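Novice: File data.pdb follows (PDB, C-alpha atoms and all ligand atoms):
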```
ATOM      1  CA  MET A   1      82.116 -28.486 -17.815
ATOM      2  CA  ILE A   2      79.992 -25.787 -16.171
ATOM      3  CA  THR A   3      78.915 -26.115 -12.536
ATOM      4  CA  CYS A   4      76.443 -23.662 -11.031
ATOM      5  CA  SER A   5      74.902 -23.838  -7.553
ATOM      6  CA  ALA A   6      72.067 -22.222  -5.603
ATOM      7  CA  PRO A   7      71.310 -22.249  -1.859
ATOM      8  CA  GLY A   8      68.318 -23.539   0.068
ATOM      9  CA  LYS A   9      66.492 -21.247   2.474
ATOM     10  CA  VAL A  10      64.552 -20.837   5.727
ATOM     11  CA  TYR A  11      61.831 -18.402   6.869
ATOM     12  CA  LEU A  12      62.776 -16.362   9.901
ATOM     13  CA  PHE A  13      59.183 -15.050   9.792
ATOM     14  CA  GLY A  14      56.140 -15.016   7.594
ATOM     15  CA  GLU A  15      55.365 -18.410   6.020
ATOM     16  CA  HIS A  16      51.625 -18.981   5.392
ATOM     17  CA  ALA A  17      50.841 -15.214   5.633
ATOM     18  CA  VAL A  18      52.479 -13.889   2.446
ATOM     19  CA  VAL A  19      49.556 -15.111   0.319
ATOM     20  CA  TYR A  20      47.364 -12.912   2.572
ATOM     21  CA  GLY A  21      49.272  -9.733   1.701
ATOM     22  CA  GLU A  22      51.758  -9.938   4.624
ATOM     23  CA  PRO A  23      55.556  -9.367   4.654
ATOM     24  CA  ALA A  24      58.079 -12.089   5.421
ATOM     25  CA  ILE A  25      61.801 -12.453   6.083
ATOM     26  CA  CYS A  26      63.694 -15.375   4.546
ATOM     27  CA  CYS A  27      67.346 -16.390   4.788
ATOM     28  CA  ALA A  28      69.408 -18.405   2.290
ATOM     29  CA  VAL A  29      71.521 -21.118   3.975
ATOM     30  CA  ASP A  30      74.703 -22.905   2.802
ATOM     31  CA  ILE A  31      73.033 -26.196   1.823
ATOM     32  CA  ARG A  32      73.268 -26.023  -1.928
ATOM     33  CA  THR A  33      72.148 -27.730  -5.096
ATOM     34  CA  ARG A  34      74.847 -28.081  -7.813
ATOM     35  CA  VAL A  35      73.933 -28.483 -11.507
ATOM     36  CA  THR A  36      76.751 -29.483 -13.886
ATOM     37  CA  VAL A  37      76.366 -29.198 -17.670
ATOM     38  CA  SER A  38      78.526 -30.163 -20.662
ATOM     39  CA  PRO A  39      77.563 -30.073 -24.396
ATOM     40  CA  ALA A  40      76.255 -33.277 -25.967
ATOM     41  CA  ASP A  41      74.146 -34.463 -28.926
ATOM     42  CA  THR A  42      71.623 -35.977 -26.498
ATOM     43  CA  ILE A  43      69.777 -34.737 -23.376
ATOM     44  CA  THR A  44      70.648 -36.670 -20.208
ATOM     45  CA  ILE A  45      69.546 -35.691 -16.697
ATOM     46  CA  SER A  46      71.222 -37.605 -13.861
ATOM     47  CA  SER A  47      70.211 -37.261 -10.201
ATOM     48  CA  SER A  48      69.788 -39.419  -7.082
ATOM     49  CA  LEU A  49      66.542 -40.381  -8.841
ATOM     50  CA  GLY A  50      68.507 -41.686 -11.876
ATOM     51  CA  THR A  51      69.205 -40.807 -15.514
ATOM     52  CA  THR A  52      66.335 -39.702 -17.752
ATOM     53  CA  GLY A  53      65.743 -37.610 -20.860
ATOM     54  CA  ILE A  54      63.202 -34.794 -20.754
ATOM     55  CA  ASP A  55      61.001 -36.360 -18.051
ATOM     56  CA  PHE A  56      58.292 -34.333 -16.317
ATOM     57  CA  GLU A  57      57.624 -37.207 -13.868
ATOM     58  CA  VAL A  58      61.157 -37.714 -12.499
ATOM     59  CA  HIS A  59      62.872 -34.414 -13.364
ATOM     60  CA  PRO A  60      60.053 -31.859 -13.871
ATOM     61  CA  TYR A  61      61.869 -28.662 -12.853
ATOM     62  CA  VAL A  62      64.965 -29.375 -14.954
ATOM     63  CA  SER A  63      62.870 -30.540 -17.922
ATOM     64  CA  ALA A  64      60.876 -27.272 -17.788
ATOM     65  CA  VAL A  65      64.050 -25.150 -17.745
ATOM     66  CA  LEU A  66      65.559 -27.057 -20.705
ATOM     67  CA  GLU A  67      62.285 -26.520 -22.630
ATOM     68  CA  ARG A  68      62.332 -22.771 -21.903
ATOM     69  CA  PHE A  69      65.938 -22.574 -23.148
ATOM     70  CA  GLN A  70      65.506 -24.482 -26.436
ATOM     71  CA  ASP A  71      62.714 -21.953 -27.114
ATOM     72  CA  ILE A  72      65.223 -19.043 -27.020
ATOM     73  CA  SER A  73      68.376 -20.832 -28.231
ATOM     74  CA  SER A  74      68.754 -24.185 -29.984
ATOM     75  CA  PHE A  75      71.092 -26.775 -28.472
ATOM     76  CA  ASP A  76      71.875 -30.281 -29.775
ATOM     77  CA  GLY A  77      71.664 -31.668 -26.235
ATOM     78  CA  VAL A  78      73.272 -31.496 -22.780
ATOM     79  CA  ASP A  79      74.811 -33.854 -20.252
ATOM     80  CA  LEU A  80      73.313 -32.503 -17.010
ATOM     81  CA  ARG A  81      74.020 -33.818 -13.502
ATOM     82  CA  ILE A  82      72.484 -32.740 -10.188
ATOM     83  CA  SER A  83      74.088 -32.999  -6.742
ATOM     84  CA  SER A  84      72.368 -31.583  -3.609
ATOM     85  CA  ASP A  85      72.991 -31.121   0.112
ATOM     86  CA  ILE A  86      69.335 -30.138   0.600
ATOM     87  CA  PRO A  87      67.558 -33.262   1.985
ATOM     88  CA  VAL A  88      64.826 -34.563  -0.315
ATOM     89  CA  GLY A  89      61.267 -33.622   0.758
ATOM     90  CA  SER A  90      62.760 -31.324   3.428
ATOM     91  CA  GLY A  91      60.881 -28.152   2.377
ATOM     92  CA  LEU A  92      63.991 -25.886   2.223
ATOM     93  CA  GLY A  93      63.523 -24.565  -1.335
ATOM     94  CA  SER A  94      64.743 -27.783  -3.032
ATOM     95  CA  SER A  95      62.794 -27.213  -6.219
ATOM     96  CA  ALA A  96      63.700 -23.504  -6.420
ATOM     97  CA  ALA A  97      67.422 -24.123  -5.936
ATOM     98  CA  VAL A  98      67.604 -26.753  -8.700
ATOM     99  CA  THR A  99      65.483 -24.568 -11.023
ATOM    100  CA  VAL A 100      67.651 -21.495 -10.452
ATOM    101  CA  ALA A 101      70.931 -23.443 -10.622
ATOM    102  CA  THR A 102      69.833 -25.044 -13.899
ATOM    103  CA  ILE A 103      68.861 -21.715 -15.477
ATOM    104  CA  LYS A 104      72.217 -20.212 -14.535
ATOM    105  CA  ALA A 105      74.058 -23.283 -15.875
ATOM    106  CA  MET A 106      72.163 -23.007 -19.187
ATOM    107  CA  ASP A 107      72.599 -19.221 -19.331
ATOM    108  CA  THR A 108      76.318 -19.963 -19.032
ATOM    109  CA  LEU A 109      76.427 -22.839 -21.535
ATOM    110  CA  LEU A 110      74.719 -20.682 -24.206
ATOM    111  CA  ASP A 111      76.033 -17.206 -23.260
ATOM    112  CA  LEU A 112      72.571 -15.554 -23.125
ATOM    113  CA  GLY A 113      73.495 -12.797 -20.642
ATOM    114  CA  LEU A 114      70.510 -13.269 -18.278
ATOM    115  CA  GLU A 115      70.524 -10.931 -15.271
ATOM    116  CA  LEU A 116      69.564 -12.115 -11.775
ATOM    117  CA  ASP A 117      66.080 -10.572 -11.987
ATOM    118  CA  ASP A 118      65.477 -12.461 -15.272
ATOM    119  CA  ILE A 119      66.699 -15.680 -13.633
ATOM    120  CA  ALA A 120      64.367 -15.168 -10.671
ATOM    121  CA  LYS A 121      61.361 -14.466 -12.928
ATOM    122  CA  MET A 122      61.982 -17.475 -15.164
ATOM    123  CA  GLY A 123      62.410 -19.483 -11.940
ATOM    124  CA  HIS A 124      59.009 -18.338 -10.684
ATOM    125  CA  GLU A 125      57.404 -19.208 -14.028
ATOM    126  CA  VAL A 126      58.904 -22.698 -13.894
ATOM    127  CA  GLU A 127      57.607 -23.421 -10.380
ATOM    128  CA  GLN A 128      54.221 -21.904 -11.369
ATOM    129  CA  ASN A 129      53.927 -24.403 -14.238
ATOM    130  CA  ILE A 130      54.996 -27.507 -12.301
ATOM    131  CA  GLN A 131      53.221 -26.688  -9.026
ATOM    132  CA  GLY A 132      50.090 -25.203 -10.654
ATOM    133  CA  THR A 133      50.514 -21.990  -8.654
ATOM    134  CA  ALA A 134      53.521 -20.605  -6.816
ATOM    135  CA  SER A 135      54.789 -17.503  -5.109
ATOM    136  CA  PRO A 136      57.958 -15.788  -6.443
ATOM    137  CA  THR A 137      59.549 -15.967  -2.974
ATOM    138  CA  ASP A 138      61.593 -19.177  -3.162
ATOM    139  CA  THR A 139      63.239 -18.548  -6.560
ATOM    140  CA  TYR A 140      63.966 -14.910  -5.699
ATOM    141  CA  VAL A 141      65.721 -15.706  -2.385
ATOM    142  CA  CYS A 142      67.587 -18.692  -3.896
ATOM    143  CA  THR A 143      68.700 -16.438  -6.787
ATOM    144  CA  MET A 144      69.885 -13.533  -4.604
ATOM    145  CA  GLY A 145      71.088 -15.162  -1.365
ATOM    146  CA  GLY A 146      71.354 -13.410   1.989
ATOM    147  CA  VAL A 147      68.514 -12.211   4.187
ATOM    148  CA  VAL A 148      65.579 -10.889   2.145
ATOM    149  CA  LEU A 149      62.551  -8.987   3.368
ATOM    150  CA  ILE A 150      59.660 -10.163   1.147
ATOM    151  CA  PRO A 151      57.966  -8.855  -0.933
ATOM    152  CA  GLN A 152      59.741  -5.439  -0.792
ATOM    153  CA  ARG A 153      62.759  -7.532  -1.870
ATOM    154  CA  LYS A 154      65.148  -5.693   0.414
ATOM    155  CA  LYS A 155      68.467  -7.122   1.544
ATOM    156  CA  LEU A 156      69.020  -7.204   5.296
ATOM    157  CA  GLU A 157      72.091  -7.789   7.471
ATOM    158  CA  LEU A 158      73.109 -11.455   7.128
ATOM    159  CA  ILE A 159      72.373 -13.657  10.182
ATOM    160  CA  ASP A 160      75.838 -14.051  11.757
ATOM    161  CA  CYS A 161      74.895 -16.648  14.439
ATOM    162  CA  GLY A 162      74.418 -20.430  14.207
ATOM    163  CA  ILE A 163      71.434 -21.847  12.287
ATOM    164  CA  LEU A 164      70.211 -25.441  12.780
ATOM    165  CA  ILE A 165      67.595 -27.199  10.694
ATOM    166  CA  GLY A 166      65.760 -30.119  12.264
ATOM    167  CA  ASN A 167      63.893 -32.482   9.963
ATOM    168  CA  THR A 168      60.908 -34.439  11.255
ATOM    169  CA  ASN A 169      61.197 -36.765   8.220
ATOM    170  CA  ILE A 170      57.450 -36.279   7.693
ATOM    171  CA  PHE A 171      56.578 -35.121   4.186
ATOM    172  CA  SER A 172      54.364 -32.013   4.379
ATOM    173  CA  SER A 173      51.229 -32.004   2.209
ATOM    174  CA  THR A 174      51.624 -28.309   1.354
ATOM    175  CA  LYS A 175      48.521 -27.761  -0.767
ATOM    176  CA  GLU A 176      46.432 -29.357   1.980
ATOM    177  CA  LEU A 177      48.011 -27.260   4.785
ATOM    178  CA  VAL A 178      47.585 -24.064   2.687
ATOM    179  CA  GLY A 179      43.940 -25.091   2.065
ATOM    180  CA  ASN A 180      43.182 -25.872   5.731
ATOM    181  CA  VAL A 181      44.452 -22.375   6.634
ATOM    182  CA  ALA A 182      42.246 -20.770   3.945
ATOM    183  CA  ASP A 183      39.256 -22.816   5.158
ATOM    184  CA  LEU A 184      39.929 -21.887   8.808
ATOM    185  CA  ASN A 185      40.190 -18.217   7.852
ATOM    186  CA  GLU A 186      36.902 -18.435   5.926
ATOM    187  CA  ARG A 187      35.142 -20.096   8.910
ATOM    188  CA  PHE A 188      36.611 -17.697  11.499
ATOM    189  CA  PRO A 189      37.703 -14.549   9.573
ATOM    190  CA  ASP A 190      37.755 -12.149  12.534
ATOM    191  CA  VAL A 191      39.835 -14.579  14.621
ATOM    192  CA  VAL A 192      42.262 -15.916  12.002
ATOM    193  CA  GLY A 193      42.498 -12.596  10.127
ATOM    194  CA  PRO A 194      44.304 -10.859  13.025
ATOM    195  CA  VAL A 195      46.523 -13.929  13.641
ATOM    196  CA  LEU A 196      47.804 -13.691  10.074
ATOM    197  CA  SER A 197      48.235  -9.885  10.446
ATOM    198  CA  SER A 198      50.172 -10.580  13.628
ATOM    199  CA  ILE A 199      52.533 -12.814  11.649
ATOM    200  CA  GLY A 200      53.093  -9.950   9.157
ATOM    201  CA  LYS A 201      53.958  -7.533  11.969
ATOM    202  CA  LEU A 202      56.869  -9.704  13.128
ATOM    203  CA  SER A 203      58.655  -8.723   9.884
ATOM    204  CA  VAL A 204      57.955  -4.977  10.386
ATOM    205  CA  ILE A 205      59.583  -4.869  13.827
ATOM    206  CA  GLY A 206      61.926  -7.780  12.892
ATOM    207  CA  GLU A 207      63.566  -5.921   9.983
ATOM    208  CA  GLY A 208      65.284  -3.489  12.367
ATOM    209  CA  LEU A 209      66.200  -6.167  14.925
ATOM    210  CA  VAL A 210      67.804  -8.274  12.184
ATOM    211  CA  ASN A 211      69.801  -5.209  10.999
ATOM    212  CA  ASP A 212      71.046  -4.574  14.581
ATOM    213  CA  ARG A 213      71.846  -8.303  14.973
ATOM    214  CA  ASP A 214      69.677  -8.433  18.084
ATOM    215  CA  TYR A 215      69.241 -12.208  17.858
ATOM    216  CA  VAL A 216      67.785 -12.514  21.367
ATOM    217  CA  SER A 217      64.849 -10.394  20.204
ATOM    218  CA  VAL A 218      64.767 -12.073  16.803
ATOM    219  CA  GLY A 219      64.572 -15.444  18.573
ATOM    220  CA  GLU A 220      61.662 -14.283  20.749
ATOM    221  CA  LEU A 221      59.655 -13.149  17.728
ATOM    222  CA  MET A 222      60.432 -16.480  16.045
ATOM    223  CA  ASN A 223      58.888 -18.262  19.085
ATOM    224  CA  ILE A 224      55.791 -16.065  18.820
ATOM    225  CA  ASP A 225      55.528 -16.909  15.123
ATOM    226  CA  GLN A 226      55.674 -20.620  15.948
ATOM    227  CA  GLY A 227      52.730 -20.194  18.313
ATOM    228  CA  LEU A 228      50.772 -18.284  15.641
ATOM    229  CA  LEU A 229      51.489 -21.092  13.105
ATOM    230  CA  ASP A 230      50.345 -23.612  15.719
ATOM    231  CA  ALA A 231      47.114 -21.569  16.056
ATOM    232  CA  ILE A 232      46.287 -21.724  12.293
ATOM    233  CA  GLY A 233      46.760 -25.531  12.345
ATOM    234  CA  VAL A 234      50.111 -26.066  10.531
ATOM    235  CA  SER A 235      52.129 -27.606  13.395
ATOM    236  CA  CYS A 236      52.283 -31.147  14.877
ATOM    237  CA  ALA A 237      53.778 -32.968  17.922
ATOM    238  CA  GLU A 238      57.005 -33.942  16.100
ATOM    239  CA  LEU A 239      57.674 -30.324  15.119
ATOM    240  CA  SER A 240      56.867 -29.179  18.625
ATOM    241  CA  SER A 241      59.313 -31.696  20.198
ATOM    242  CA  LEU A 242      62.219 -30.533  18.011
ATOM    243  CA  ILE A 243      61.301 -26.883  18.603
ATOM    244  CA  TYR A 244      61.157 -27.105  22.416
ATOM    245  CA  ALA A 245      64.355 -29.211  22.534
ATOM    246  CA  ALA A 246      66.223 -26.486  20.607
ATOM    247  CA  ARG A 247      64.957 -23.867  23.070
ATOM    248  CA  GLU A 248      65.882 -25.928  26.135
ATOM    249  CA  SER A 249      69.469 -26.361  24.796
ATOM    250  CA  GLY A 250      70.184 -22.611  24.400
ATOM    251  CA  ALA A 251      68.763 -21.528  21.029
ATOM    252  CA  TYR A 252      67.665 -17.904  20.657
ATOM    253  CA  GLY A 253      64.443 -19.214  19.121
ATOM    254  CA  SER A 254      62.949 -21.997  17.024
ATOM    255  CA  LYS A 255      59.940 -22.544  14.813
ATOM    256  CA  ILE A 256      58.629 -24.185  11.715
ATOM    257  CA  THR A 257      60.299 -23.224   8.481
ATOM    258  CA  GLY A 258      57.898 -23.429   5.528
ATOM    259  CA  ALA A 259      54.652 -25.396   5.081
ATOM    260  CA  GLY A 260      54.558 -27.164   8.475
ATOM    261  CA  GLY A 261      52.536 -30.342   9.203
ATOM    262  CA  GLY A 262      55.898 -32.096   9.249
ATOM    263  CA  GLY A 263      59.028 -31.166   7.301
ATOM    264  CA  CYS A 264      61.625 -29.005   9.028
ATOM    265  CA  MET A 265      61.928 -26.531  11.844
ATOM    266  CA  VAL A 266      64.716 -23.984  12.272
ATOM    267  CA  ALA A 267      66.606 -22.631  15.266
ATOM    268  CA  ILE A 268      69.060 -19.748  15.550
ATOM    269  CA  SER A 269      71.643 -20.026  18.338
ATOM    270  CA  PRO A 270      74.749 -18.419  19.902
ATOM    271  CA  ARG A 271      77.744 -20.164  18.394
ATOM    272  CA  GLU A 272      78.642 -21.697  21.779
ATOM    273  CA  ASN A 273      75.253 -23.507  21.844
ATOM    274  CA  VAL A 274      75.317 -24.902  18.293
ATOM    275  CA  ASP A 275      76.564 -28.397  19.213
ATOM    276  CA  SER A 276      74.239 -28.560  22.212
ATOM    277  CA  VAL A 277      71.181 -27.529  20.133
ATOM    278  CA  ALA A 278      72.094 -29.962  17.359
ATOM    279  CA  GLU A 279      72.373 -32.797  19.862
ATOM    280  CA  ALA A 280      69.078 -31.922  21.560
ATOM    281  CA  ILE A 281      67.232 -31.874  18.224
ATOM    282  CA  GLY A 282      68.670 -35.324  17.499
ATOM    283  CA  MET A 283      67.763 -36.704  20.944
ATOM    284  CA  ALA A 284      64.163 -35.482  20.355
ATOM    285  CA  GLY A 285      64.181 -37.618  17.206
ATOM    286  CA  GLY A 286      64.982 -35.113  14.440
ATOM    287  CA  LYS A 287      67.646 -35.200  11.706
ATOM    288  CA  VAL A 288      69.856 -32.133  12.005
ATOM    289  CA  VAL A 289      71.584 -30.118   9.330
ATOM    290  CA  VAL A 290      74.067 -27.570  10.726
ATOM    291  CA  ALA A 291      74.087 -24.664   8.283
ATOM    292  CA  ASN A 292      75.096 -21.034   8.159
ATOM    293  CA  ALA A 293      73.305 -18.159   6.488
ATOM    294  CA  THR A 294      74.932 -17.359   3.148
ATOM    295  CA  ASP A 295      75.050 -14.107   1.188
ATOM    296  CA  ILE A 296      75.945 -16.310  -1.823
ATOM    297  CA  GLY A 297      73.022 -16.771  -4.213
ATOM    298  CA  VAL A 298      73.115 -18.461  -7.603
ATOM    299  CA  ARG A 299      76.743 -18.841  -8.694
ATOM    300  CA  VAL A 300      78.947 -20.258 -11.424
ATOM    301  CA  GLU A 301      81.327 -22.485  -9.448
ATOM    302  CA  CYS A 302      83.130 -23.881 -12.528
ATOM    303  CA  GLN A 303      83.427 -22.868 -16.209
ATOM    304  CA  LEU A 304      86.154 -24.976 -17.796
ATOM    305  CA  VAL A 305      87.972 -23.881 -20.945
ATOM    306  CA  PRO A 306      88.373 -27.163 -22.955
TER     307      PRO A 306
HETATM  308 CL    CL A 401      63.802 -31.751 -11.415
HETATM  309 MG    MG A 402      60.616 -23.957  -3.738
END
```
Is it possible to give me this structure as structure tokens?
Ligand SMILES: [Cl-]
Ligand SMILES: [Mg+2]
Specialist:
Amino acid sequence: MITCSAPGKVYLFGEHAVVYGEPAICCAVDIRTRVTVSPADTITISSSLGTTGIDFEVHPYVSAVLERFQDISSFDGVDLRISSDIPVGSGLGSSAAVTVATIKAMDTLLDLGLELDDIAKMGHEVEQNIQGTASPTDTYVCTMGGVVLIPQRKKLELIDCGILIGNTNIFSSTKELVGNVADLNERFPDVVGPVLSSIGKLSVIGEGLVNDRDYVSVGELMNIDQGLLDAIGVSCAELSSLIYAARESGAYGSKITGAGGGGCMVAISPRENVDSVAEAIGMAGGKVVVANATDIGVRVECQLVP
């Protein structure tokens, strides 16, 4: 019985602007997906969704990983179970965490000696196949953990304060939001162009402020980012409500994390304000997950000797 896990993640800065050549800063958080494997003669994949075989409708990311592995090492089958603390449809790197956890669990089952970089790359390839296109960001951060400046792929000082995630419970149509931004940029290139550049710049100045743990300043830049995301059309009233509530209850800052148009926001907060921010996000109608940043990336949690 092998159990491996991988964390979810938030963007401190830079969602929507990476595809335009701009830097970003992401942070792995301690809501994790666990994948447990044990040898069998048959493939079984059990989740909250149910038990299937290789099934690209119900379990696409796992099915892709298992395919990739049989192509480099034969296996009679595997009893594979998935547990996750990352809310479904939440937009916190769900698919990347399960992909990366599964790869590590299969690397372990079959002793293939994959390094982290290899795991991250195979992760990217898997998301690329399922999603049509994908950026290497999610699988890299979920593989490595900690605070990562993207795409330099540089580790930064872990966020030591409180992190709250507020879910609007509105599923974000990502491809649509990405496409609206590209269309808006095409219609108004000399307006939107600088807005996206401005988002990039938050990570240039933000890198240092994260390293000095100046979370007041980090929070202020996060608020600016939220406004810039609002400007390119990826926010909504539900996001805004949760975001302002977090700010009114003592957060350093708050903004969308990820695709926008619903999904989750994030707030960072002094530890003395965590309960008060959580409560305010709930009272504004969001579902709160209290997390902490984690320097722990993909990990073997269990490797039982029979
Ligand atoms: Cl899956
Ligand atoms: Mg992902």
Novice: If you count all atoms listed in the file, which residues end up within 7 Å of ligand MG 402 (chain A), as a list in words?
Specialist: residues 93, 94, 95, 96, 138 and 139 of chain A
Novice: Restricting the calculation to only C-alpha atoms, which member of A:252, A:11, A:171, A:75 is positioned closest to residue 137 of chain A?
Specialist: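 Distance minimum relative to residue 137 of chain A lands on A:11.
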Novice: Show me which residues are within 12 Å of ligand CL 401 (chain A) counting all atoms listed in the file, and format the list as a VMD selection string.
Specialist: chain A and resid 33 35 45 to 66 80 to 84 88 94 to 103 126 to 127 130 to 131
Novice: Of the candidates A:283, A:19, A:204, A:216, which shows the shortest atom-to-atom distance to residue 133 of chain A, using only C-alpha atoms?
Specialist: A:19
Novice: When you look at segment 112-116 of chain A with a cut-off of 10 Å (counting all atoms listed in the file), what residues show up, excluding the ones that are within fewer than 2 positions of it in the same chain? I need them as a list in words.
Specialist: residues 69, 72, 73, 100, 103, 104, 106, 107, 108, 109, 110, 118, 119, 120, 121, 122, 140, 143, 144, 297 and 298 of chain A
Novice: One number please: atom CA of residue 117 of chain A to atom CA of residue 135 of chain A, in Å, one decimal.
Specialist: 14.9 Å
Novice: Starting from the PyMOL selection byres (((chain A and resi 190-192) around 12) and not hetatm), expand the selection into actual residues of this file and give them as a ChimeraX atom specification.
Specialist: /A:16-17,20,180-189,193-199,228-233
Novice: Looking at A:91, A:227, A:270, A:258, which one is nearest to residue 214 of chain A, with distances taken over all atoms listed in the file?
Specialist: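 For residue 214 of chain A, the nearest of the candidates is A:270.
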Novice: From the list A:89, A:39, A:260, A:179, which residue is nearest residue 77 of chain A when using only C-alpha atoms?
Specialist: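 Using only C-alpha atoms, the shortest distance to residue 77 of chain A belongs to A:39.
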Novice: For each of A:177, A:25, A:210, A:300, take the minimum atom-to-atom distance to residue 234 of chain A, counting all atoms listed in the file, then give the residue where this is smallest.
Specialist: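 Distance minimum relative to residue 234 of chain A lands on A:177.
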Novice: Residues picked by the PyMOL selection byres (((chain A and resi 164) around 10) and not hetatm) here, as a PDB file with C-alpha atoms, in the frame of the given file?
Specialist:
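Once everything was written out, this is result_4.pdb:
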```pdb
ATOM      1  CA  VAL A  29      71.521 -21.118   3.975  1.00  0.00           C
ATOM      2  CA  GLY A 162      74.418 -20.430  14.207  1.00  0.00           C
ATOM      3  CA  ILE A 163      71.434 -21.847  12.287  1.00  0.00           C
ATOM      4  CA  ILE A 165      67.595 -27.199  10.694  1.00  0.00           C
ATOM      5  CA  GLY A 166      65.760 -30.119  12.264  1.00  0.00           C
ATOM      6  CA  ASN A 167      63.893 -32.482   9.963  1.00  0.00           C
ATOM      7  CA  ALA A 246      66.223 -26.486  20.607  1.00  0.00           C
ATOM      8  CA  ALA A 251      68.763 -21.528  21.029  1.00  0.00           C
ATOM      9  CA  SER A 254      62.949 -21.997  17.024  1.00  0.00           C
ATOM     10  CA  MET A 265      61.928 -26.531  11.844  1.00  0.00           C
ATOM     11  CA  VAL A 266      64.716 -23.984  12.272  1.00  0.00           C
ATOM     12  CA  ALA A 267      66.606 -22.631  15.266  1.00  0.00           C
ATOM     13  CA  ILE A 268      69.060 -19.748  15.550  1.00  0.00           C
ATOM     14  CA  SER A 269      71.643 -20.026  18.338  1.00  0.00           C
ATOM     15  CA  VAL A 274      75.317 -24.902  18.293  1.00  0.00           C
ATOM     16  CA  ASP A 275      76.564 -28.397  19.213  1.00  0.00           C
ATOM     17  CA  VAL A 277      71.181 -27.529  20.133  1.00  0.00           C
ATOM     18  CA  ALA A 278      72.094 -29.962  17.359  1.00  0.00           C
ATOM     19  CA  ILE A 281      67.232 -31.874  18.224  1.00  0.00           C
ATOM     20  CA  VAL A 288      69.856 -32.133  12.005  1.00  0.00           C
ATOM     21  CA  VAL A 289      71.584 -30.118   9.330  1.00  0.00           C
ATOM     22  CA  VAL A 290      74.067 -27.570  10.726  1.00  0.00           C
ATOM     23  CA  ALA A 291      74.087 -24.664   8.283  1.00  0.00           C
ATOM     24  CA  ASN A 292      75.096 -21.034   8.159  1.00  0.00           C
TER      25      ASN A 292
END
```
Novice: Work out how far atom CA of residue 172 of chain A is from atom CA of residue 241 of chain A, in Å to one decimal.
Specialist: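 Atom CA of residue 172 of chain A lies at a distance of 16.6 Å from atom CA of residue 241 of chain A.
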Novice: To one decimal place in Å, what is the distance between atom CA of residue 13 of chain A and atom CA of residue 175 of chain A?
Specialist: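 Between atom CA of residue 13 of chain A and atom CA of residue 175 of chain A the gap works out to 19.7 Å.
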Novice: Do a neighbour search on residue 3 of chain A at 7 Å with all atoms listed in the file, toss out local chain neighbours closer than 6 positions, and write the hits as an MDAnalysis selection string.
Specialist: chainID A and resid 34:37 105 300:303
Novice: For the residues selected in the previous step, produce a file with C-alpha atoms as a tab-separated table (two decimals), keeping the file's coordinate frame.
Specialist:
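This is the output file result.tsv:
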```tsv
chain	number	residue	atom	x	y	z
A	34	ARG	CA	74.85	-28.08	-7.81
A	35	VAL	CA	73.93	-28.48	-11.51
A	36	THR	CA	76.75	-29.48	-13.89
A	37	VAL	CA	76.37	-29.20	-17.67
A	105	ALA	CA	74.06	-23.28	-15.88
A	300	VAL	CA	78.95	-20.26	-11.42
A	301	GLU	CA	81.33	-22.48	-9.45
A	302	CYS	CA	83.13	-23.88	-12.53
A	303	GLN	CA	83.43	-22.87	-16.21
```
Novice: Which is closer to residue 225 of chain A than all the others in A:22, A:238, A:71, A:15, using all atoms listed in the file?
Specialist: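 Ranked by minimum distance to residue 225 of chain A, first place goes to A:15.
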